[PDB]
Amino acid sequence: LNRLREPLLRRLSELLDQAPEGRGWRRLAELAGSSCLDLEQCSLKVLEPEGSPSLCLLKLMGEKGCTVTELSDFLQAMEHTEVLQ
Amino acid sequence: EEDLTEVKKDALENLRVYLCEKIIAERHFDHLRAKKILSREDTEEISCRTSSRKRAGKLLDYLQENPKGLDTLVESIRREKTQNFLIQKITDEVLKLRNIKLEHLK
């Protein structure tokens, strides 16, 4: 999450931004179990020409202290295996 | 960049019908009048209208001359925190039209 380098996070964010899926980034922010300011500041971070909501959400979950295998478990729960590959 | 400008323009003007109902017309043009994008002549032209809705119409259509106006339209709504649920709606609209532009790039 917050520990890793620039290209992995950048590519994962710029791939998660282009989400034609109905289970998009707002779905990925809404996980199972574990207020408004997170969603509002990500949705205002998208207004810049070079931003993603995905970057804001990955920074948020890195501030959560999530780990890469933990997030991969959440992504398997997200049940789009195209993201995991 | 002007690509953001054009997608911002059509991303506003595609959705004129919904926004011209749930917006009080008078309660904003002191904030955006401080941004030096709107004048007293606009205030008199808006007050020339008699209907509720057409005020919102000509006011909403009187912002398509500068790209940065929509932010100010957010900002007063950000300022007076009475209603705020329109934000992620128009935001998701911008993400959608941005996605079509992005797929049209390659």
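Asks: Summarise the layout of surface pockets; cite the residues concerned and give the values.
Replies: The gaps of empty space that remain are located by a probe, the size of a water molecule, rolled over the atoms. Estimates place the volume of the largest pocket at around 1200 Å³. Lining the largest pocket we find 39 residues, and of these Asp 17 and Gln 18 of chain A together with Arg 98, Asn 99 and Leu 102 of chain B sit closest to its centre. Elements with a minimum of two residues in the lining of the largest pocket: helix 1 (6–17) and helix 2 (25–29) of chain A together with helix 1 (2–13) and helix 7 (86–105) of chain B. Ranked by residues supplied to the lining of the largest pocket, first place goes to helix 7 of chain B with 15 residues. For the lining of the largest pocket, the class distribution of residues is 12 nonpolar, 10 polar and 17 charged. Among the residues forming the lining of the second largest pocket, the class breakdown is 18 nonpolar, three polar and five charged.

Asks: Give a description of the state of the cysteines that names residues and reports values.
Replies: Residue and element names in this part refer to chain A. Per the stated rule, a full pass over the model turns up one disulfide over all chains. What pairs with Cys 42 in a disulfide is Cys 56, and their sulfur atoms sit 2.0 Å apart. Taking the sign of the S-S torsion, about -75° here, the bridge from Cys 42 to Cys 56 comes out left-handed. With a gap of 14 residues between them, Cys 42 in helix 3 (residues 36–45) and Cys 56 in helix 4 (residues 53–64) connect regions that are remote in the sequence.

Asks: Tell me about the side chain of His 31 of chain B, and please be specific about residues and values.
Replies: Residues and elements named next belong to chain B. Within the element layout of this structure, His 31 appears in helix 3 (residues 31–34). Overall, the relative accessible area of 17% leaves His 31 in the buried class. Apart from the residues lying within four places of it in its own chain, the contact partners of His 31 are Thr 72, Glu 75, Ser 76 and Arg 79.

Asks: Break down the packing of aromatic side chains for me, with residues and values.
Replies: According to the stated counting rule, one finds zero aromatic pairs over all chains in the structure shown. Directly above the aromatic system of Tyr 62 of chain B lies the positively charged group of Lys 58 of chain B, at a separation of 5.5 Å from the ring centroid.

Asks: Could you give me a rundown of the packing of helix 1 of chain A against helix 4 of chain A, with the residues and numbers involved?
Replies: Residues and elements named next belong to chain A. Following both chains from N to C, one finds helix 1 and helix 4 inclined at 125°, their axes separated by 7 Å at the closest point. Viewed along their axes, helix 1 and helix 4 adopt a mutual orientation that is oblique. The two elements helix 1 and helix 4 cross, and the hand of that crossing is right-handed. From helix 1, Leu 9, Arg 10, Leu 12, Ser 13, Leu 16 and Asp 17 reach across to helix 4, where they touch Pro 53, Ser 54, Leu 55 and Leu 58. Looking at side-chain class alone, the contact of helix 1 with helix 4 contains six nonpolar, two polar and two charged residues.

Asks: For a negative patch on the surface, give the residues involved together with the corresponding values.
Replies: A cluster of acidic residues, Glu 48 and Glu 50 of chain A together with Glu 1 and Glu 2 of chain B, forms a negative patch at the surface. Following the sequence through the fold, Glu 50 of chain A ends up in the loop between helix 3 and helix 4. Owing to a relative accessible area of 60%, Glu 50 of chain A belongs among the exposed residues under this scheme.

Asks: Explain the nonpolar core to me, using residue names and the numbers behind them.
Replies: In globular proteins that are soluble, nonpolar side chains generally tend to be buried together. In terms of nonpolar packing, the biggest core is built from 15 residues, with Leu 1, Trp 25, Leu 28, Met 61, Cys 66, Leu 71 and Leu 75 of chain A touching the most fellow members. Ranked by residues supplied to this core, first place goes to helix 4 of chain A with four residues. Beyond its immediate chain neighbours, meaning those up to four positions away, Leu 1 of chain A contacts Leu 9, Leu 58, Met 61, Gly 62, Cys 66, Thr 67, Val 68 and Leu 71 of chain A. One finds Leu 12, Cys 20, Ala 56 and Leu 60 of chain B within the second-largest nonpolar core, a separate group that totals seven residues.

The rules we used
- Residues numbered from 1 in each chain as written, not as in the entry; some residues may be left out.
- Chains lettered and ligands numbered in written order.
- Heavy atoms only, no water.
- 1 Å grid on protein atoms, 1.4 Å probe; cavity = no way out; pocket = protein on both sides within 12 Å on 5 of 7 lines; lining within 4 Å.
- Points joined across faces, edges and corners; volume = space filled by probe spheres on them.
- Helix = DSSP H or I, 4+ residues; strand = E, 2+ residues; numbered from the N terminus.
- Nonpolar A, V, L, I, M, F, W, Y, C, P; charged D, E, K, R; others polar.
- Disulfide = S-S within 2.5 Å.
- Buried < 20%, exposed > 50% of the residue type's maximum accessible area, 1.4 Å probe, protein only.
- Contact = heavy atoms within 4.5 Å.
- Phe/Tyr/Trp six-rings, centres within 6.5 Å; stacked < 30°, edge-to-face > 60°.
- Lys NZ or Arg CZ within 6 Å of the ring centre and 35° of its normal.
- Axes fitted to C-alpha atoms, helices over the stretch in contact; angles between N-to-C directions.
- Parallel < 35°, antiparallel > 145°, perpendicular 65-115°, else oblique.
- Left-handed = near helix turned anticlockwise from the far one by under 90°.
- Patch = residues over 30% accessible without salt bridge, like charges linked within 9 Å, V, L, I, M, F, W, Y side chains within 5 Å.
- Areas by Shrake-Rupley, 256 points an atom, 1.4 Å probe, with all protein chains shown as cover.
- Salt bridge = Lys/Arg side-chain N within 4 Å of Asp/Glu carboxyl O.
- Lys, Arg positive; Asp, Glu negative; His and termini not counted.
- Charge placed at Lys NZ, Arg CZ, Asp CG, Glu CD.
- Core = buried A, V, L, I, M, F, W, Y, C linked by side-chain atoms within 4.5 Å.

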